[PDB]
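> part one of the assembly, not moved from where it sits:
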Amino acid sequence: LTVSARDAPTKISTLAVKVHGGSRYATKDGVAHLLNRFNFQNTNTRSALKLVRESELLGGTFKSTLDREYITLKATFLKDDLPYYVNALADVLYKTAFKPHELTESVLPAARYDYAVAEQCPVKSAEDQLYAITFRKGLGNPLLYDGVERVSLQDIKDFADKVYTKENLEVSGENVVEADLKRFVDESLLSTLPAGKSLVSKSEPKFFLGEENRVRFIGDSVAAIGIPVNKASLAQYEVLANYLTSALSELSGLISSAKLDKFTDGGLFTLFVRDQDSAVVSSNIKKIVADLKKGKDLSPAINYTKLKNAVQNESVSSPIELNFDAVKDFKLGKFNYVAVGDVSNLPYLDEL
Amino acid sequence: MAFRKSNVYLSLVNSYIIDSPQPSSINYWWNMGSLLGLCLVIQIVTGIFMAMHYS
Amino acid sequence: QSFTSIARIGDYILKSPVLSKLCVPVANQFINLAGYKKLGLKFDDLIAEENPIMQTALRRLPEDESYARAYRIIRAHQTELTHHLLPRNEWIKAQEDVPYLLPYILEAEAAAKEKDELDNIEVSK
């Protein structure tokens, strides 16, 4: 029950309850998705309707985001109304009704729409395939619900029981007086939550290498590579991502995107090559694999990768910072590959 | 939907006289039909009032 | 009257140099007096479409010609309602007044006629 904060002379505050319940720690496929979609529905004392109607008159909104690791219940509002939102978030975590009709009428439809939006973007279909092959069952768990395996109202309830505990969540209010925040948190239902265990395992995920997957898709073609990084070797990949996505690298205009997903026990580096026709996708990635195999860096973007990693003001609790000013060279060992789109006209792991 | 469309009686009026899609180019020669309905009304109304005094 | 029939008669006249030199000039003058070209239309745009043959034909028309027919028809209605003609430079030229829908119509009529023939074929033993 870590209660962070940080005051300021601004008028908008933002409470947030991070909870370790993303797809990483999911009992059944998409259950974390359904629960995230179930947040802010009916509680035992306040209906979803009233919550919205009340918060609107006060001047604040709610939102529940899903990660591969987290489930964040954020609440943006006007500074002085702090107590209300603390108890609102408390209510959701402690007593959401979970009515069968809420499932069929609001949760399932909203989730079906989520899966539909993602089912049409080839990069995301790839990013999912990347996780599934590297981490064959940990972070490689399906992010969204798609119905491959049954998920009853009970399963969503059981999962909420495991994940919603004092020992598995962290309150974090931006632009809030830590004094009053800690006071209200303990004066609410947060402290009444049955503090269970934390599933944040320190042991490095057993990732695989030299794995590839090909998915036929109608639309833009996309070839992507994924590399499992170490807990300490992640700072170099961070500069690599910002190097490949900058005017410094010549091959920046040959890729669509490149990033490093930072977790609590490691990470994953991703590189995306997307284009209409398969010919341009084949050449552009085949060139990248060749240029990166004969890797180089010399740390020219040492200040740039440190500048770009600083604009992320919501991440003022980030891991290592000065690890950048150390290593300055990069190679390219074994990685994972995924071909999405015009498969019959796309490169294989071999010819790379 | 608008009441003129949902009501059982008004929808008839709406589909025939309000929202009825007309070809943009019809000329004044297409005004004779309404004139015929008007004629029918004038004949009926005047005839009933006269019938009141006719043997 | 079917287009197959109009084609039969029309082609017979077009092949014979006797009739071809006698009729065509008359037909050309008839077409100019018709005036549809001053509205931006091609003759084929004028064919009554509320029948299965014409629907089959319009369905088979390639996209580009379809969008073009649509613009010409809409432009004609707007001009007609304003009681004007298009500026001379916008009129359809004789080179453009091509029977673009005719081949699709003839093909559909033949297909239709064959079905009618086959549905009524007698058999002799």
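Nice, thanks for sending it over. Residues are numbered from 1 along each chain as shown, chains lettered A, B, ... in the order given.
> other residues contacting the helix or strand containing residue A:285?
For residue A:285, the enclosing helix or strand under DSSP states H and E is helix A:278-293. Where contact means C-beta atoms under 8 Å, 6 or more residues apart in numbering or on different chains, the residues beyond helix A:278-293 that reach it are A:221-223, A:225, A:251, A:254-255, A:271, A:273-275, A:330-332, A:341-342, A:345-347, A:351-352. Where C-beta positions appear, they are placed from N, C-alpha and C, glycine not excepted.
> same deal with stretch A:175-182?
Outside stretch A:175-182, the residues that reach it (C-beta under 8 Å, 6+ apart) are A:3-8, A:10, A:12-15, A:79, A:82, A:86, A:171, A:173.
> mind listing what's buried in the helix holding residue A:285?
By 16 or more other C-beta atoms under 10 Å in any protein chain shown, the buried positions in helix A:278-293 come out as A:278, A:281-282, A:284-285, A:288-289, A:292.
> now these as CSV including distance to residue A:114?
Formatted as CSV, the buried residues of helix A:278-293 follow (distance: C-beta to C-beta, whole Å):
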residue, distance to residue A:114
A:278, 29
A:281, 27
A:282, 32
A:284, 30
A:285, 29
A:288, 31
A:289, 33
A:292, 34
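> could I have the helix holding residue A:285 exported to PDB, CA atoms only?
Provided in PDB are the C-alpha atoms of helix A:278-293 (Å, rounded to 0.1, in the frame of the first residue of the first chain):
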ATOM      1  CA  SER A 278       5.300  -6.600 -49.600                       C
ATOM      2  CA  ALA A 279       8.300  -5.700 -51.800                       C
ATOM      3  CA  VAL A 280       9.100  -2.500 -49.800                       C
ATOM      4  CA  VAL A 281       8.600  -4.400 -46.500                       C
ATOM      5  CA  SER A 282      11.000  -7.200 -47.500                       C
ATOM      6  CA  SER A 283      13.800  -4.800 -48.600                       C
ATOM      7  CA  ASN A 284      13.500  -2.400 -45.700                       C
ATOM      8  CA  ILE A 285      13.700  -5.100 -43.000                       C
ATOM      9  CA  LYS A 286      16.400  -7.200 -44.800                       C
ATOM     10  CA  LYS A 287      18.500  -4.000 -44.800                       C
ATOM     11  CA  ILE A 288      17.900  -3.400 -41.100                       C
ATOM     12  CA  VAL A 289      18.900  -6.900 -40.000                       C
ATOM     13  CA  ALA A 290      22.100  -6.500 -42.100                       C
ATOM     14  CA  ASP A 291      23.000  -3.100 -40.800                       C
ATOM     15  CA  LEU A 292      22.300  -4.000 -37.200                       C
ATOM     16  CA  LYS A 293      24.300  -7.300 -37.500                       C
END
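> also put chain D on there:
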Amino acid sequence: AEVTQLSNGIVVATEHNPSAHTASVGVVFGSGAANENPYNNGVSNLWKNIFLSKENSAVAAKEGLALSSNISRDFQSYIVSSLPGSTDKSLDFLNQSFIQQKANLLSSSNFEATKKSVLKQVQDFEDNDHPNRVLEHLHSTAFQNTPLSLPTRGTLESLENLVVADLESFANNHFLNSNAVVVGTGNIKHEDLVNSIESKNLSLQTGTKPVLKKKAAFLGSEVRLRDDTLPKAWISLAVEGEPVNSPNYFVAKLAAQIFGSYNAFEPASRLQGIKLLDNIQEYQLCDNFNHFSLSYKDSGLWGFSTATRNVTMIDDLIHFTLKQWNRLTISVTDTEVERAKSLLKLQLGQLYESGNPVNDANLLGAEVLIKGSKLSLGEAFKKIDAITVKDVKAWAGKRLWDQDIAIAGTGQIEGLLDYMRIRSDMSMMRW
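This next block brings in chain D, placed alongside the chains you saw above:
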């Protein structure tokens, strides 16, 4: 929450904030797409693109600087973000690109490579971004043959016929000193920045003023971009809104908050305290809609935009929406106004105070260029809370009631009725 602004030879505007992690510096010119012509339309967007060209961008990346630019209607901006310590190195790159390299960026190899990119950029926009495409055409018809009609990204035909000389001609007529403001946001002090600026002299084209034009005007009209191959219908409809620095600037923005925005797929959105939702959800008249109060130097637009797959009921969508707007003149309630105040503050706050200095720069720059100062967030709230039902009614009775409208749409809009039918709904029959 400090708005400091002083003038020496150039007008410097800053807004310091202790905790920030980064600092953004840039110059904002008092001229945008509204200053262009129908023929050189897209020159400003072109400038932005070379300023972010691989060459100029790599020079800043080595130094550890990030580039950002924004082309609007009334203004234009070039911003460089840096760490709080390199607040001086951003100014070196700024001057080096606007005086030294104001001839090196315009090379025949760089220009052609950039032109080829903005062409595929503007083309992609017209081919796929339907909601913004429609909103852009809304400005085009609403303000036809007037400055605000020109699209920010420029048109394909004016772009491909553009040359290096056009860039120069525009730059020498608008990138002047009297038509500029140096802005600094992040954490750096006002006195910290003004010194580094007043250090390096040299005026460079001082006393020179930009060319004048004709005042913008709203014309009730429409542009229909029918396309039956698109899976939806996207429409935008609006009346002449409020210009920035208008007494009703806030009354208008509040009025738009009353109807707000909507998303049929988001459970929470379907629950908002908006009366219009009772009408549109029964037969699901749309996938989404959003009201807005766009304000510019000379004028503005107040209306809404919407997207829908219910192509046979578009007339009900428009009808119910316009009946609700009629209410603003005759029956808007106290609680609707109060709900709007609270939500307007929340949104106005989330905009003015984000964790990104580049947004702050654009907001600060755009304001000081028009009114010579920036209204503090706390000052706005005082004005917002002071609005009464009587204010909204007086405003609506002048801007919405029986007033001309402007319409734009694309996709399957066969069901969008004629102009006069829509226009008639801008009022109600009464005894």
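> next SSE after the helix holding residue A:285?
Downstream of helix A:278-293, the next assigned helix or strand under DSSP H and E is helix A:304-308.
> direction included, what does the next helix or strand after that following helix pair against?
For helix A:304-308, the following helix or strand on the C-terminal side (DSSP H and E) is strand A:336-341. As defined by DSSP bridges, the strand partners of strand A:336-341 come to strand A:212-216 (parallel), strand A:221-229 (antiparallel).
> residue of chain B closest to chain A, please.
In chain B, the residue found nearest to chain A is residue B:1; the distance is 22.8 Å by C-beta to the nearest C-beta.
> neighbours of that residue, how many?
Here the number of neighbours of residue B:1 (other C-beta atoms under 10 Å in any protein chain shown) works out to 15.
> correct me if wrong: it contacts residue D:316.
Yes: judged on C-beta atoms under 8 Å, residue B:1 makes contact with residue D:316 at a distance of 5.0 Å.
> overlap in contacts, those two.
Shared contacts of residue B:1 and residue D:316 (C-beta under 8 Å, 6+ apart): residue D:283.
> give me the element residue B:45 is part of.
Element membership of residue B:45, judged by DSSP H and E, is helix B:32-51.
> the residue nearest the centre of chain D and chain B: what is the separation?
Nearest to the mean C-alpha position of chain D, by C-alpha atoms, centre = their mean, lies residue D:72 at 6.1 Å. Applying C-beta to the nearest C-beta, to the nearest Å, the value for residue D:72 to chain B is 39 Å.
> what about the nearest residue to that residue once chain neighbours are set aside, how many residues nearby?
Once flanking residues are discounted, residue D:72 sits nearest to residue D:32: 4.9 Å by C-beta to C-beta, 6 or more residues apart in numbering or on different chains. The number of residues packed near residue D:32 is 24, by other C-beta under 10 Å.
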